[PDB]
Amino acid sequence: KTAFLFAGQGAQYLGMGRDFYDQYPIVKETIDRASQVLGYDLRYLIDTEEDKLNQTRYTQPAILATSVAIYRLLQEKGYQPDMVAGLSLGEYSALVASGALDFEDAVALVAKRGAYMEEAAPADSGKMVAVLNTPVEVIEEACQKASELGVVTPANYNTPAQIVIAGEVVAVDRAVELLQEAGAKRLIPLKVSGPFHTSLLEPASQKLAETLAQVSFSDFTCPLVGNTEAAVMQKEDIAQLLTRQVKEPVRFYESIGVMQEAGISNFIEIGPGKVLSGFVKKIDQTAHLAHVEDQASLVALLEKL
């Protein structure tokens, strides 16, 4: 019946979760637990350090702790998910919600993940273009022809009409030239992060694989649809899949199709932000959808209960 969709990097904002934090002990406990694991006050970072909040190595545990706290709050109000998924970093939040990853383990692990991603691909390096309203085949082909010139592949399959390509500057420029020729009307350059979810991140993925080998995963208490394979993840595959996730495409709409086939009717995006909700509305405007990131959005959800 219901899937929780967890936020990814880029949706953070100063003060996120603070309303919940003061009001709900399950929230304060979750954030202060992450603060202990980290060796610094995450609540103060989120509330006051805007530049650090936007630095990958802090963004990742900030969002994960905030999201896990929001999911845990939803659990206290009587919402339990039947399936989960999360956007990139949000996959780890979903791993925590799905019972497979310990919360304190997650917090340390994403601080490391963030670090490795940031060093291997800084926020201003390479290029990312959102290619709107063009067939997937065209985008893939364009990126293929352009690959002779360097790394360029689709990074984020968001909707059938919204695919972000990423990689190195010259190679990505050659890709959009091929797209315009092919007739692509709407190509939006993005200044969000390094070219994540391409082979450029292979060095990152090596370090993460060593770190992951140390992480001990548990049984899934609920099914999780993974970013990489757009399929329900199996316990024995988690680390191999998280290893590839940082250097391979995130396949969001295909994942939403697996959940609709599993018969899920209702979607709740766990904040910060409403990015996944925007995507699922395009995938299927008839799908029942809600997001929770703050007191107002919590009430809008609960008043249907």
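Counting begins at 1, following the sequence as shown.
Taking the PDB entry as given, 140-148 carries the higher mean Cα B factor of the two stretches 140-148 and 89-97. Annotation for 296-304 versus 4-12: the higher mean temperature factor (C-alpha) is found in 296-304.
The PDB entry gives the largest Cα B-factor of the residues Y157, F103, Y71, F217 to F217. Among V129, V84, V107, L179, the highest C-alpha B-factor in the deposited entry belongs to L179. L42 sits in the lowest third of its chain by CA B factor, as recorded in the PDB entry. Compared with the other modelled residues of the chain, the Cα B-factor recorded for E254 ranks in the middle third. Placement of the Cα temperature factor of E261 within the chain: highest third of the modelled residues, per the deposited record. Ranked by Cα temperature factor within the chain, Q36 sits in the highest third according to the deposited record. Remark: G114 belongs to the lowest third of its chain, ranked by C-alpha B-factor as recorded.
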